[PDB]
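What follows is a short report on a single structure.
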Amino acid sequence: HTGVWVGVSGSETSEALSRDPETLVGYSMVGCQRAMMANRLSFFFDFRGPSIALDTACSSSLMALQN
Amino acid sequence: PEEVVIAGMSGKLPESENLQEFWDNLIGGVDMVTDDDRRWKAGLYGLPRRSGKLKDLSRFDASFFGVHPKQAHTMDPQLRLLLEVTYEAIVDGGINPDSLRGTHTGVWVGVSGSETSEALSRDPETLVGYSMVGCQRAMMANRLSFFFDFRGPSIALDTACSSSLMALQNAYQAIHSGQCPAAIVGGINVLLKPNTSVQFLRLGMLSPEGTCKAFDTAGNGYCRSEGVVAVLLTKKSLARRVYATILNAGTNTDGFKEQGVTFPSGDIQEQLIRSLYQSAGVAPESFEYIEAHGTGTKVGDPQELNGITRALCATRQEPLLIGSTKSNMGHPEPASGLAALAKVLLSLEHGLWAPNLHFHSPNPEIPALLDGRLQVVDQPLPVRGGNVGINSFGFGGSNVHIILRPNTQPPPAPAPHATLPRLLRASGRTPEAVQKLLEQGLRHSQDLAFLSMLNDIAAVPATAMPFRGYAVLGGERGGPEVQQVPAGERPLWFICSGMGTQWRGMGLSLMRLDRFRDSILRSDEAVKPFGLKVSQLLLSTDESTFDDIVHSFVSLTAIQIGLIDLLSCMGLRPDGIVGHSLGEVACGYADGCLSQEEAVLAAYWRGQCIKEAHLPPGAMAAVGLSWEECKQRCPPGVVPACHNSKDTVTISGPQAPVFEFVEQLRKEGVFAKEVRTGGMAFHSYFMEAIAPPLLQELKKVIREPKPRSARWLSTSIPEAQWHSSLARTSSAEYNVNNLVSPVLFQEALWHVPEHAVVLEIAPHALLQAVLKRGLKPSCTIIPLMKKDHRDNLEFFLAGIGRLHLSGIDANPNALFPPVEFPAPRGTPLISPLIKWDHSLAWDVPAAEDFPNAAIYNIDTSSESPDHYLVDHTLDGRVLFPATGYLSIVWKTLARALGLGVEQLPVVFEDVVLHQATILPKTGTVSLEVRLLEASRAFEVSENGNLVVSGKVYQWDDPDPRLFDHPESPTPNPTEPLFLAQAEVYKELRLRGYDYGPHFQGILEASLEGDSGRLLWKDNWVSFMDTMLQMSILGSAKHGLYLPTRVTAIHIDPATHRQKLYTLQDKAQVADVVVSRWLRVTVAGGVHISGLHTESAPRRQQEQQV
């Protein structure tokens, strides 16, 4: 039941990959969406606990550690 | 731990402006997914044509939330809506947000989109720092914490499709362990960028039809939608209304899956559900309705429903109802959980289960539906009873589940206090909001809990909500009163009137309250020994009950003390206290220097001692004469009794001389009236004999004199003596002195501060006219009672309402018995009643902002740098000069090359003006320039209409020879006479050109018009247009000719700077030459050749008549 808490405040790669609607690819979202920062870790490492990505305005890492 | 309840709820959902419209759509069966093109053109990039979209995103009441207008435009629409939704949610629970200020209330918001930030941060040359503060995802919760002043955690979750429900679970955990007393849970989603929908379509999640047909065989996907919902969670103690209690809430992740990340796993959901309902202690058979995810996916639906079947339906006899709200409104990704929560709460409140749209045949892979274990809500099914389960499963693999216990508080049993009228006080940003609150409260006047909740939130400072209103509910009459509240604080003053106010049966109506009856009974216990029961006197029908002086005094004092108790029950504290004749004791009690027992006993002993004297009769009558004139005019044995006001004074003395003086005064026409003296003179020498026994009796009753207060302004002691011993302590001596001393009431009125609110504590507002006349005009007078009124309770409630309307804060609830909480199920929602100030529309990103051309806005406003264009009026209407197009094209070319305008010598060729653009008086016109570097061609357009075209390119090798002035058409004009500026422009006016000061650049021009001098005002457009004016000046043809084609224009700033020379003034000029043989106009560093001018209609409308 291990949980993953990730504090991320930037999503620039998703913005860059999805800019062009004609040639953008679907699986770009599965790899770039903020929620997938923790969900991908839980998927690979097979953790059944909470999988949350926080922003919380520049204290995201320490807030995730507190959680 | 403490219990967690859902105190409040609000939100804006697809095609619903509030929760009441959302319920009207849910129960009514109207599909909330629309086909319009509000966000972007339908069918873009092959996207589905249908999706759920809020009604309006460009509304926000910035002034209320302390946001400057500039930051409001750059703020994320999600946050703009979420601030209002959160405020609505807080009040919806009956909790005034001021109570939560400074606490550790937490804010958890589930947001999974930052489209607004991307649009505002696309231009590095113009983006401002506000867009970071307003649009950053971290500010979604930090802004709410900042405005509402919450000291608890402020996080913004980003798990997709579970962000809002995960936030609710986190808030539940925080409150459960005692970390927070209350929490704000929010979820927000708005559709702005089509590229995200294109990503979802490529992934295969979206449905071609756009319909989220959940639980049906034909499930192609889901359809996106946007919604904003906020929920207030509080411990059991703070909740006023409890929609439902959270028995347990948990979360877990699917972990590694063979199929992939996106493929849902039903076994993990089953484990989560089973663990939650086991740890919560709830048996599976208790459940009645399960809010499945129900996105309509061909794979997710069977997995989720089979997990539910294996977890809950294993061993329950009655079928388990299952429903999904996404078939009604669509799928808001992060705010999906809170939308289902809102649907469940509304269904529980109204007793009916909103059905699911688009369900026709069950999915064959779900055996539970075929054999009837799971019953889908096809039709509105009445609520029977049991727990409710809400689960949302993000597409990334994060699961969240919730167990609810619906509130089932039965309506309270009827009570006597429900019969009598109640007071409703409302506050709002605009008059319409106050009227809405008052009307909704009146429509449910019988509901005590609803009225109490409304009264709780109405206490907002007049700065935040400037419009206040009140409405007495259940009275014999009374429509709502609405009016604005003047800013600033207003002192509250108590004025207690003297004798002459008592009337038969006074105060019986007010005794149907509990506080007044309690005070009356306490007074009765106080003066019980003598045998006078105030209750019997008030209830006694005989008119002589208040004819007896002792009964009059005792009952008057008791009623005034009861009124003071009622006022002090609401929390009102006076700033000043003025007494007129008797009521000084009541004023003392209001101040505190006298206790109720002491006050009543002193009044009674006062009255009884007055009787025992049996002194000769003395009648006192008010006189229309002024104080000064009457006091010297008084006959022997008659003096001025009370200085009520400048215009009227009251005198008491022997009946015969007083009557003769009254008749004499009537002779003179001065106002005369003999007030009821009961046959005994007051405030005269007759009371001098009564002094000793009264003082001794008061000492018997009063043994511990206490100091007077600063608020109390003694009207029996002259102001010069306010430092005296009697004025220091309200001992028996003070009362005895006030009995015989003259009543200097008007003297102390001058000290009432401007804008004072005056409450006349008395059984009858006798001195209302005196207060009006003798008080500052800004002051306010409130009776609080009336003589022979049908129901004095209604009058008192109206007085309290008027006190509320004046900015003073008084809560009517304290008067009536407390209402049992939590409120009964079915109490009307309060969030839909909140109306804001939405007169202004704020900027919102458009589809054209996001990725998938120079623009110039010509603004003629005075502050605009292009204001000089207003001076170029042709034929009575403003036109953009052709040189204006040339200048903007030159600037665009300079920017393209990177050089500054003055560094780029440019060449134009084959310029053609297809149409003339007309600058409006108000607004702006956008001109767009597109350059083709390879072809050396340019094009100016307006609203997609071509206006100018030609060829522009840099001048590689400038030749100063070009700008040498050409040979004159005439070698020797030999005329000393020449046209000056005034004459030149008089001629041009006669032709039809009306140029203002900025475009009058010709200092002089030769008679033939070939050669002249031009000004140089540091402006290129004006200079080139001046050259064109010089060219036109020579034409013999009449009419209004305007440029249509220019073969070639050469501009060289270096030779322009070199050619310019200064006159005797500091102004700078350039010599111009026009050659009609060679069709060339050379001036300074500009060279125009082949100018072609085509006759304009020169027809103006509304010509002078």
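Protein sequence lines, in the order shown, are assigned to chains B and A.
104 is the number of the first residue of the first sequence in the entry's author numbering; add one for each residue after it.
When you line the second sequence up against the entry's author numbering, it's residues 1 to 852, 859 to 1111, in that order.
Ideal Cβ placement from N, Cα and C applies to all residues, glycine included.
Please name the residue, chosen from A:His-73, A:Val-600, A:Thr-309, A:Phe-150, that lies closest to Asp-843 (chain A) on a Cα-to-Cα basis.
A:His-73
Three-pair Cβ contact test at 8 angstroms for the stretch 810-822 of chain A versus the stretch 453-464 of chain A:
yes
Can you check which of these residues, A:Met-205, A:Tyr-172, A:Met-166, A:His-176, is closest to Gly-187 (chain A) by C-alpha distance?
A:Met-166
For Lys-1072 (chain A), is the classification buried or exposed, using 16 other Cβ atoms within 10 angstroms of its Cβ as the cut-off for buried?
exposed
Measuring CA to CA, which of A:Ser-286, A:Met-511, A:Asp-301 is closest to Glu-318 (chain A)?
A:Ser-286
C-beta neighbour in chain B for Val-388 (chain A), strict 8 angstroms
no
Find the nearest neighbour of residue 1117 (chain A) within the set A:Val-198, A:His-444, A:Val-299, A:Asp-149, judged by alpha-carbon distance.
Nothing about residue 1117 (chain A) can be read from this structure; chain A reaches only from 1 to 1111.
By a C-beta neighbour count over all protein chains shown, 10 Å radius and 16 as the cutoff for buried, is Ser-279 (chain A) buried or exposed?
exposed
Residue range of the beta strand (DSSP E) that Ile-308 (chain A) falls in?
Premise fails: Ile-308 (chain A) lies in the alpha helix (DSSP H), 300-311, not in any beta strand (DSSP E).
Work out the CA separation of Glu-489 (chain A) and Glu-481 (chain A) for me, nearest whole Å.
21 angstroms
Using a 10 Å radius around the Cβ and a threshold of 16 neighbouring Cβ atoms, would you call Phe-530 (chain A) buried or exposed?
exposed
Restricting to runs no shorter than 3 residues, where is the beta strand (DSSP E) found entirely within the stretch 457-513 of chain A?
467-473, 481-484, 492-496
Could you give the distance in angstroms between the alpha-carbon of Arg-122 (chain B) and the alpha-carbon of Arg-1085 (chain A)?
52 angstroms
Restricting to runs no shorter than 3 residues, where is the beta strand (DSSP E) found entirely within the stretch 110-169 of chain B?
154-157
Cutoff 8 angstroms: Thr-159 (chain B) Cβ touching any chain A Cβ:
yes
Using the three-state DSSP reduction, which class does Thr-898 (chain A) fall into: helix, strand or coil?
helix
Give, in chain order, every unbroken run of the beta strand (DSSP E) that is at least 3 residues long and sits entirely within the stretch 661-698 of chain A.
672-674
Cβ of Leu-165 (chain B) less than 8 angstroms from any chain A Cβ?
no
Answer yes or no: do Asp-267 (chain A) and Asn-363 (chain A) have a C-beta to C-beta separation smaller than 8 angstroms?
no
Rounded separation between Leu-120 (chain B) and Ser-131 (chain B) - CA only:
7 angstroms
Using a beta-carbon distance below 8 angstroms, is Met-139 (chain A) in contact with chain B?
yes
Assuming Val-4 (chain A) and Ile-246 (chain A) form a contact by the criterion Cβ under 8 angstroms, report the distance between their Cβ atoms to the nearest whole angstrom.
5 angstroms
Which ranges does the alpha helix (DSSP H) cover as unbroken runs of at least 4 residues, wholly within the stretch 534-605 of chain A, from first to last along the chain?
534-539, 549-569, 584-591
Going by the CB atoms, is the gap between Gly-210 (chain A) and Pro-48 (chain A) shorter than 8 angstroms?
yes
Could you check the C-alpha separation between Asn-738 (chain A) and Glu-820 (chain A) for me, to the nearest Å?
48 angstroms
Evaluate contact between the stretch 428-446 of chain A and the stretch 792-799 of chain A, counting only Cβ atoms and requiring at least three cross-stretch pairs below 8 angstroms.
no
Check for me: the alpha helix (DSSP H) holding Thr-1032 (chain A) runs from which residue to which?
1026-1039
Please confirm whether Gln-269 (chain A) and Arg-825 (chain A) have their CB atoms less than 8 angstroms apart.
no
At a Cβ threshold of 8 angstroms, is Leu-168 (chain B) touching chain A?
no
Interface positions of the stretch 287-306 of chain A facing chain B (Cβ-Cβ less than 7 angstroms), listed along the chain
none
Closer than 8 angstroms by beta-carbon distance: list the chain B residues that pair up with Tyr-45 (chain A), in chain order.
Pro-124, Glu-125
From the DSSP output, which residues share a beta bridge with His-764 (chain A)?
Paired residues: none, contrary to the question.
Within 8 angstroms, strictly: CB atoms of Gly-498 (chain A) and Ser-581 (chain A):
yes
Show which residues of chain B have a CB atom less than 9 angstroms away from the CB atom of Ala-847 (chain A).
Near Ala-847 (chain A) there are no residues of chain B at all, since even the closest Cβ is about 10 angstroms away, more than 9 angstroms.
First and last residue of the uninterrupted beta strand (DSSP E) at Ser-730 (chain A)
Element bounds for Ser-730 (chain A): n/a, residue is neither H nor E.
Would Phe-671 (chain A) be called buried (16 or more neighbouring beta carbons within 10 Å of its own) or exposed?
exposed
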